[PDB]
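# Architecture at a glance
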Amino acid sequence: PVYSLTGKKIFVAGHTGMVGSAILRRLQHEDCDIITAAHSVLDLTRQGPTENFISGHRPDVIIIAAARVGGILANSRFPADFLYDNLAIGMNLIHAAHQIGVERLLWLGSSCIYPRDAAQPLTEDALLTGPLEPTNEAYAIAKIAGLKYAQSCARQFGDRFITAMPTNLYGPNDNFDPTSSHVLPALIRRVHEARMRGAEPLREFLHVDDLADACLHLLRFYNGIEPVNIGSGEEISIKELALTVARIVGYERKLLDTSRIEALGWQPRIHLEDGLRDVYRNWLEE
Ligand SMILES: NC(=O)c1ccc[n+]([C@@H]2O[C@H](COP(=O)([O-])OP(=O)(O)OC[C@H]3O[C@@H](n4cnc5c(N)ncnc54)[C@H](OP(=O)(O)O)[C@@H]3O)[C@@H](O)[C@H]2O)c1
(Lines give C-alpha, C1' and ligand atoms only; values in the text may rest on other atoms or scores of the structure.)
Protein backbone atom coordinates (compact mmCIF):
# COMPACT_ATOMS: atom_id res chain seq x y z
CA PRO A 1 0.00 0.00 0.00
CA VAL A 2 1.66 3.23 -1.12
CA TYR A 3 -0.99 5.43 0.53
CA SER A 4 -3.57 5.07 3.31
CA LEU A 5 -6.77 7.13 3.33
CA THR A 6 -7.24 6.69 7.10
CA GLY A 7 -6.99 9.99 8.96
CA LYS A 8 -7.00 11.97 5.68
CA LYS A 9 -9.36 14.73 4.49
CA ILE A 10 -10.96 13.64 1.19
CA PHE A 11 -12.70 16.16 -1.06
CA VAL A 12 -15.18 14.39 -3.35
CA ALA A 13 -15.93 16.87 -6.14
CA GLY A 14 -19.26 16.28 -7.86
CA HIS A 15 -20.67 14.17 -5.03
CA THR A 16 -24.23 14.44 -6.41
CA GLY A 17 -23.11 12.78 -9.64
CA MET A 18 -23.51 9.13 -10.49
CA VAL A 19 -19.80 8.44 -9.98
CA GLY A 20 -19.38 11.04 -7.23
CA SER A 21 -22.19 9.59 -5.11
CA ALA A 22 -20.72 6.09 -5.46
CA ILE A 23 -17.37 7.38 -4.16
CA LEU A 24 -19.08 9.09 -1.24
CA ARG A 25 -20.95 5.89 -0.40
CA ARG A 26 -17.76 3.83 -0.50
CA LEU A 27 -16.00 6.45 1.63
CA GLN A 28 -18.40 6.78 4.56
CA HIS A 29 -17.25 3.32 5.65
CA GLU A 30 -13.64 4.54 5.71
CA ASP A 31 -12.02 6.27 8.70
CA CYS A 32 -11.55 9.70 7.11
CA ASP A 33 -12.96 13.23 7.01
CA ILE A 34 -15.11 13.74 3.91
CA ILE A 35 -15.55 17.22 2.41
CA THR A 36 -18.23 18.13 -0.13
CA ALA A 37 -19.50 21.22 -1.96
CA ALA A 38 -22.80 21.28 -3.81
CA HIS A 39 -22.78 22.62 -7.35
CA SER A 40 -25.12 25.40 -6.13
CA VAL A 41 -22.50 26.78 -3.72
CA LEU A 42 -19.20 26.14 -5.57
CA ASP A 43 -19.03 26.38 -9.36
CA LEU A 44 -15.81 24.53 -10.03
CA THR A 45 -15.22 26.43 -13.30
CA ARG A 46 -14.63 29.56 -11.18
CA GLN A 47 -10.91 29.71 -10.44
CA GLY A 48 -11.27 32.11 -7.54
CA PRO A 49 -13.88 30.28 -5.47
CA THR A 50 -12.33 26.90 -6.28
CA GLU A 51 -8.89 27.94 -5.05
CA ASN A 52 -10.22 29.49 -1.85
CA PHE A 53 -12.21 26.34 -1.11
CA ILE A 54 -9.08 24.23 -1.63
CA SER A 55 -6.83 26.59 0.34
CA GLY A 56 -9.33 26.91 3.21
CA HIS A 57 -10.18 23.23 3.68
CA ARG A 58 -6.77 21.82 2.65
CA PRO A 59 -7.78 18.26 1.71
CA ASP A 60 -5.07 15.63 1.52
CA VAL A 61 -6.98 13.95 -1.30
CA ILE A 62 -9.07 15.35 -4.13
CA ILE A 63 -11.32 13.03 -6.13
CA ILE A 64 -12.62 14.89 -9.18
CA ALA A 65 -16.00 13.44 -10.17
CA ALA A 66 -17.46 16.82 -11.12
CA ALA A 67 -18.16 17.04 -14.84
CA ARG A 68 -20.54 17.94 -17.63
CA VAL A 69 -21.66 14.70 -19.26
CA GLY A 70 -24.37 13.78 -21.74
CA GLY A 71 -25.40 11.89 -24.83
CA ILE A 72 -24.53 12.29 -28.48
CA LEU A 73 -27.15 14.99 -29.10
CA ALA A 74 -25.93 17.17 -26.21
CA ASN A 75 -22.24 16.84 -27.14
CA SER A 76 -22.73 17.75 -30.78
CA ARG A 77 -25.06 20.69 -30.04
CA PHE A 78 -23.22 22.17 -27.04
CA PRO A 79 -19.54 21.42 -27.73
CA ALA A 80 -18.27 24.66 -26.18
CA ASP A 81 -20.07 23.86 -22.92
CA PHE A 82 -18.81 20.29 -22.88
CA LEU A 83 -15.24 21.41 -23.51
CA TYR A 84 -15.15 24.48 -21.25
CA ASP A 85 -16.98 23.08 -18.21
CA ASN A 86 -14.86 19.98 -17.98
CA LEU A 87 -11.54 21.66 -18.80
CA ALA A 88 -12.01 24.51 -16.33
CA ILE A 89 -13.00 22.06 -13.57
CA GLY A 90 -9.87 20.00 -14.12
CA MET A 91 -7.56 22.97 -14.53
CA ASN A 92 -8.86 24.81 -11.46
CA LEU A 93 -8.73 21.76 -9.21
CA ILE A 94 -5.37 20.42 -10.43
CA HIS A 95 -3.73 23.84 -10.20
CA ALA A 96 -5.16 24.53 -6.75
CA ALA A 97 -4.09 21.02 -5.66
CA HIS A 98 -0.54 21.54 -6.93
CA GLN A 99 -0.28 24.97 -5.28
CA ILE A 100 -0.96 23.73 -1.73
CA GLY A 101 0.64 20.29 -2.07
CA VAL A 102 -2.41 18.01 -2.07
CA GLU A 103 -1.01 14.55 -1.41
CA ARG A 104 -3.20 12.67 -3.89
CA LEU A 105 -5.49 13.72 -6.71
CA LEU A 106 -7.67 11.59 -8.98
CA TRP A 107 -8.98 12.88 -12.29
CA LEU A 108 -11.54 10.88 -14.25
CA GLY A 109 -11.04 10.22 -17.94
CA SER A 110 -13.32 8.16 -20.11
CA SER A 111 -13.34 5.24 -22.51
CA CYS A 112 -14.67 7.56 -25.22
CA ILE A 113 -11.56 9.77 -25.41
CA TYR A 114 -9.37 7.15 -27.05
CA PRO A 115 -8.86 7.46 -30.82
CA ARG A 116 -11.93 6.30 -32.74
CA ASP A 117 -10.07 3.64 -34.74
CA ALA A 118 -7.54 2.49 -32.13
CA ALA A 119 -7.05 -1.25 -31.81
CA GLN A 120 -9.44 -3.13 -29.53
CA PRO A 121 -8.98 -3.96 -26.69
CA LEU A 122 -7.93 -0.42 -25.76
CA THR A 123 -4.61 -0.11 -23.92
CA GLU A 124 -3.88 3.13 -22.10
CA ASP A 125 -0.97 3.96 -24.41
CA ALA A 126 -3.42 4.21 -27.33
CA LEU A 127 -4.25 7.71 -26.10
CA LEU A 128 -3.63 10.45 -28.70
CA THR A 129 -2.30 7.96 -31.25
CA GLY A 130 -5.04 8.86 -33.75
CA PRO A 131 -8.06 11.01 -34.63
CA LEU A 132 -10.81 11.49 -32.07
CA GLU A 133 -14.43 10.59 -32.63
CA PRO A 134 -15.89 13.88 -33.94
CA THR A 135 -19.21 13.93 -32.07
CA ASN A 136 -17.63 14.15 -28.59
CA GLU A 137 -14.22 15.51 -29.59
CA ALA A 138 -14.88 18.64 -27.53
CA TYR A 139 -15.51 16.58 -24.37
CA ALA A 140 -12.56 14.32 -25.19
CA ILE A 141 -10.18 17.24 -25.65
CA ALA A 142 -11.13 18.65 -22.25
CA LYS A 143 -10.67 15.27 -20.52
CA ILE A 144 -7.36 14.71 -22.35
CA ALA A 145 -5.99 18.14 -21.40
CA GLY A 146 -6.86 17.57 -17.74
CA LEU A 147 -5.22 14.14 -17.82
CA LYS A 148 -2.07 15.60 -19.41
CA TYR A 149 -2.00 18.50 -16.95
CA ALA A 150 -2.12 16.01 -14.07
CA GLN A 151 0.64 14.05 -15.81
CA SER A 152 2.76 17.21 -16.22
CA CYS A 153 2.44 17.95 -12.50
CA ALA A 154 3.52 14.42 -11.63
CA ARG A 155 6.49 14.76 -13.99
CA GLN A 156 7.64 18.26 -13.05
CA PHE A 157 6.93 18.19 -9.31
CA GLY A 158 6.25 14.62 -8.34
CA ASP A 159 2.66 15.50 -7.46
CA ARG A 160 0.91 12.14 -6.91
CA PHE A 161 -1.88 12.95 -9.37
CA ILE A 162 -3.44 10.09 -11.34
CA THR A 163 -6.17 9.53 -13.92
CA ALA A 164 -8.56 6.59 -14.15
CA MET A 165 -10.12 5.64 -17.49
CA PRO A 166 -13.51 4.01 -16.76
CA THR A 167 -15.95 2.43 -19.18
CA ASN A 168 -19.74 2.35 -19.55
CA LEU A 169 -21.24 2.59 -16.07
CA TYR A 170 -24.52 1.34 -14.59
CA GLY A 171 -26.01 0.95 -11.13
CA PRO A 172 -27.36 3.41 -8.56
CA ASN A 173 -28.31 6.98 -9.55
CA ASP A 174 -28.25 6.01 -13.21
CA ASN A 175 -30.24 8.01 -15.76
CA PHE A 176 -33.62 6.41 -16.47
CA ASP A 177 -34.97 9.52 -18.21
CA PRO A 178 -36.70 8.71 -21.53
CA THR A 179 -34.03 10.90 -23.16
CA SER A 180 -31.18 9.05 -21.44
CA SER A 181 -28.39 7.87 -23.72
CA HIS A 182 -27.40 4.98 -21.42
CA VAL A 183 -28.12 1.68 -23.22
CA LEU A 184 -28.99 -0.45 -20.18
CA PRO A 185 -31.55 1.94 -18.56
CA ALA A 186 -33.32 2.42 -21.89
CA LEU A 187 -33.35 -1.35 -22.43
CA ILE A 188 -34.94 -2.02 -19.04
CA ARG A 189 -37.34 0.78 -19.99
CA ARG A 190 -38.14 -0.34 -23.55
CA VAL A 191 -38.55 -3.97 -22.42
CA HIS A 192 -40.74 -3.03 -19.45
CA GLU A 193 -43.07 -0.89 -21.55
CA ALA A 194 -43.20 -3.91 -23.85
CA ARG A 195 -43.77 -6.36 -20.97
CA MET A 196 -46.85 -4.70 -19.46
CA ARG A 197 -48.17 -3.77 -22.93
CA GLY A 198 -47.68 -7.37 -24.10
CA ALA A 199 -46.13 -6.87 -27.54
CA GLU A 200 -44.40 -9.34 -29.84
CA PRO A 201 -21.68 -6.60 -31.54
CA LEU A 202 -19.98 -6.83 -28.13
CA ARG A 203 -20.44 -4.31 -25.32
CA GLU A 204 -19.04 -3.73 -21.83
CA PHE A 205 -20.75 -2.54 -18.63
CA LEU A 206 -19.09 -1.69 -15.29
CA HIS A 207 -20.95 -1.37 -12.01
CA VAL A 208 -20.52 2.08 -10.49
CA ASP A 209 -19.80 0.58 -7.07
CA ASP A 210 -17.01 -1.54 -8.57
CA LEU A 211 -15.66 1.61 -10.24
CA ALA A 212 -15.75 3.46 -6.92
CA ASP A 213 -13.88 0.60 -5.26
CA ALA A 214 -11.28 0.58 -8.02
CA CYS A 215 -10.75 4.34 -7.66
CA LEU A 216 -9.92 4.03 -3.98
CA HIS A 217 -7.72 1.05 -4.84
CA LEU A 218 -5.71 3.13 -7.31
CA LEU A 219 -5.43 5.84 -4.68
CA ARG A 220 -4.15 3.29 -2.16
CA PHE A 221 -1.82 1.32 -4.44
CA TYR A 222 -1.09 3.10 -7.75
CA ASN A 223 1.74 5.62 -8.06
CA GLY A 224 2.40 5.60 -11.81
CA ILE A 225 2.02 8.62 -14.05
CA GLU A 226 0.20 6.97 -16.95
CA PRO A 227 -3.59 6.47 -16.82
CA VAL A 228 -5.23 3.22 -15.72
CA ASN A 229 -8.22 1.65 -17.43
CA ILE A 230 -11.00 0.48 -15.13
CA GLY A 231 -13.06 -1.96 -17.19
CA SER A 232 -15.74 -4.56 -16.68
CA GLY A 233 -13.95 -7.62 -18.03
CA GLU A 234 -17.20 -9.57 -18.38
CA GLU A 235 -18.37 -8.60 -21.86
CA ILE A 236 -21.85 -9.19 -23.32
CA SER A 237 -23.49 -8.67 -26.72
CA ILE A 238 -26.47 -6.39 -27.26
CA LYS A 239 -28.10 -9.62 -28.42
CA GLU A 240 -27.11 -11.51 -25.27
CA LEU A 241 -27.82 -8.34 -23.28
CA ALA A 242 -31.39 -8.21 -24.58
CA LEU A 243 -32.08 -11.82 -23.55
CA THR A 244 -30.58 -11.09 -20.12
CA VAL A 245 -32.79 -7.99 -19.90
CA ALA A 246 -35.95 -9.67 -21.21
CA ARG A 247 -35.48 -12.47 -18.66
CA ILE A 248 -35.23 -9.79 -15.96
CA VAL A 249 -38.39 -7.96 -17.08
CA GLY A 250 -40.35 -11.11 -17.92
CA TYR A 251 -40.88 -10.15 -21.57
CA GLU A 252 -41.95 -12.70 -24.18
CA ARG A 253 -15.76 -3.58 -30.41
CA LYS A 254 -15.41 -1.04 -27.55
CA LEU A 255 -13.55 -2.93 -24.79
CA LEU A 256 -10.70 -1.78 -22.53
CA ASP A 257 -7.49 -3.68 -21.84
CA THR A 258 -7.42 -4.11 -18.06
CA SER A 259 -3.94 -5.69 -17.75
CA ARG A 260 -2.80 -2.76 -15.66
CA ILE A 261 -5.48 -2.73 -12.96
CA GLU A 262 -5.27 -6.55 -12.81
CA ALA A 263 -1.57 -6.30 -11.99
CA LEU A 264 -2.76 -4.29 -8.98
CA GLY A 265 -4.85 -7.23 -7.78
CA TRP A 266 -8.20 -5.52 -8.35
CA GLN A 267 -11.07 -7.07 -10.29
CA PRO A 268 -14.76 -6.09 -10.34
CA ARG A 269 -16.82 -8.10 -7.89
CA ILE A 270 -20.44 -7.42 -9.03
CA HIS A 271 -21.93 -9.79 -11.62
CA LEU A 272 -24.06 -8.27 -14.37
CA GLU A 273 -27.16 -10.31 -13.57
CA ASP A 274 -26.90 -9.43 -9.86
CA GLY A 275 -26.53 -5.70 -10.50
CA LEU A 276 -29.24 -5.59 -13.17
CA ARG A 277 -31.82 -7.33 -10.98
CA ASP A 278 -30.78 -5.18 -8.02
CA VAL A 279 -31.25 -2.12 -10.26
CA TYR A 280 -34.43 -3.41 -11.92
CA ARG A 281 -36.25 -3.50 -8.57
CA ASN A 282 -35.02 -0.08 -7.39
CA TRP A 283 -36.44 1.42 -10.59
CA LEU A 284 -39.78 -0.22 -9.77
CA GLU A 285 -39.83 0.87 -6.10
CA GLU A 286 -38.87 4.40 -7.27
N1 LIG B 1 -17.24 5.82 -20.48
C2 LIG B 1 -16.61 6.16 -19.29
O3 LIG B 1 -15.40 5.89 -19.16
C4 LIG B 1 -17.40 6.88 -18.30
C5 LIG B 1 -18.88 6.73 -18.18
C6 LIG B 1 -19.41 7.56 -17.05
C7 LIG B 1 -18.64 8.36 -16.28
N8 LIG B 1 -17.26 8.46 -16.52
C9 LIG B 1 -16.41 9.42 -15.84
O10 LIG B 1 -17.02 9.93 -14.71
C11 LIG B 1 -17.27 11.36 -14.84
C12 LIG B 1 -18.68 11.71 -14.22
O13 LIG B 1 -19.63 10.94 -14.88
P14 LIG B 1 -21.25 11.07 -14.11
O15 LIG B 1 -21.97 10.11 -15.01
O16 LIG B 1 -20.94 10.85 -12.68
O17 LIG B 1 -21.61 12.62 -14.43
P18 LIG B 1 -22.85 13.22 -13.54
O19 LIG B 1 -23.66 12.05 -13.04
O20 LIG B 1 -23.49 14.18 -14.48
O21 LIG B 1 -22.20 14.00 -12.26
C22 LIG B 1 -21.92 15.27 -12.61
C23 LIG B 1 -21.49 15.90 -11.31
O24 LIG B 1 -20.69 17.04 -11.52
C25 LIG B 1 -21.37 18.13 -10.88
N26 LIG B 1 -21.04 19.39 -11.56
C27 LIG B 1 -21.30 19.74 -12.90
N28 LIG B 1 -20.85 20.99 -13.21
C29 LIG B 1 -20.27 21.46 -12.02
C30 LIG B 1 -19.64 22.66 -11.68
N31 LIG B 1 -19.48 23.69 -12.60
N32 LIG B 1 -19.16 22.89 -10.42
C33 LIG B 1 -19.35 21.85 -9.55
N34 LIG B 1 -19.92 20.66 -9.72
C35 LIG B 1 -20.40 20.47 -10.98
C36 LIG B 1 -22.89 17.78 -10.95
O37 LIG B 1 -23.46 18.55 -10.04
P38 LIG B 1 -25.22 18.84 -10.23
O39 LIG B 1 -25.59 17.83 -11.28
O40 LIG B 1 -25.73 18.58 -8.81
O41 LIG B 1 -25.10 20.27 -10.66
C42 LIG B 1 -22.78 16.32 -10.53
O43 LIG B 1 -22.49 16.34 -9.16
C44 LIG B 1 -17.28 11.62 -16.36
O45 LIG B 1 -16.92 13.01 -16.62
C46 LIG B 1 -16.17 10.63 -16.82
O47 LIG B 1 -14.84 11.10 -16.58
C48 LIG B 1 -16.67 7.69 -17.50
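The record lists X-ray crystallography as the method behind this PDB entry and 2.1000 Å as its resolution.

### Looking at the side chain of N86
Tracing the backbone through its elements, the reader meets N86 in helix α4 (residues 79–100). Polar contacts involving the side chain of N86 include one to the main-chain carbonyl oxygen of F82, which spans 2.8 Å. Beyond its immediate sequence surroundings of up to four residues, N86 is in contact with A67, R68, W107, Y139, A142 and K143.

### Looking at the packing of helix α8 (residues 238–249) against helix α10 (residues 272–285)
Helix-helix packing: each pair is described by the crossing angle between the helix axes and the interaxial distance. Two elements in contact, α8 and α10, have axes whose closest approach is 10 Å; the angle formed by their N-to-C orientations is 45°. In this view, α8 runs oblique relative to α10, as classed from their interaxial angle. Of the two elements, α8 crosses α10, and the hand of that crossing is right-handed. Contact with α8, carried on its side by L241, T244 and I248, involves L272, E273, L276 and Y280 of α10 and no other residues of that element. Classifying every residue of the contact of α8 with α10 gives 5 nonpolar, 1 polar and 1 charged.

### Concerning the environment of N136
With respect to the helices and strands, the residue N136 is situated in the loop between β4 (104–108) and α5 (137–157). A C-alpha to C-alpha distance of 19 Å links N136 and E124, two positions 12 residues apart in sequence. Beyond its immediate sequence surroundings of up to four residues, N136 is in contact with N75 and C112.

### Looking at the side chain of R220
Secondary-structure assignment places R220 in helix α7 (residues 208–221). Within the structure, the side chain of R220 is placed 2.6 Å from the side chain of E30, a separation counted as a polar contact.

### Re the packing of aromatic side chains
To describe a pair of aromatic rings, one takes the distance between the centres and the angle between the planes. Between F11 and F53 the ring centres are 4.9 Å apart and the planes differ by 55°, which places this aromatic pair in the tilted class. A residue pair is termed long-range when its members are at least 10 positions apart, and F11 in strand β1 (residues 9–13) and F53 in helix α2 (residues 47–57) qualify at 42 residues. Look at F176 and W283: their rings are 4.6 Å apart centre to centre, the planes differ by 20°, and that puts the pair in the stacked class. The ring of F82 has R68 sitting right over it, with the charged end atom 5.4 Å from the ring centre. Across the ring face of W107, the terminal group of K143 is positioned such that the distance to the ring centre comes to 4.5 Å.

### Some thoughts on the UniProt feature "active site" (unreviewed entry) in the protein
Mapped onto this structure's residue numbering, the UniProt feature "active site" (unreviewed entry) falls at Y139. Looking at where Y139 falls in the secondary structure, it is placed in helix α5. Dropping the residues within four chain positions of it, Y139 is found in contact with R68, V69, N75, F82, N86, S110 and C112.

How each quantity is defined
Residues numbered from 1 in each chain as written, not as in the entry; some residues may be left out. Heavy atoms only, no water. Residues with missing side-chain atoms left out of burial classes, pairs and counts. Helix = DSSP H or I, 4+ residues; strand = E, 2+ residues; numbered from the N terminus. Polar contact = N/O pair within 3.5 Å; in protein donor to acceptor, adjacent residues only side chain to side chain. Contact = heavy atoms within 4.5 Å. Axes fitted to C-alpha atoms, helices over the stretch in contact; angles between N-to-C directions. Parallel < 35°, antiparallel > 145°, perpendicular 65-115°, else oblique. Left-handed = near helix turned anticlockwise from the far one by under 90°. Nonpolar A, V, L, I, M, F, W, Y, C, P; charged D, E, K, R; others polar. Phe/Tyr/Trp six-rings, centres within 6.5 Å; stacked < 30°, edge-to-face > 60°. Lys NZ or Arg CZ within 6 Å of the ring centre and 35° of its normal. UniProt positions renumbered as here; feature names shortened; annotations may be inferred.

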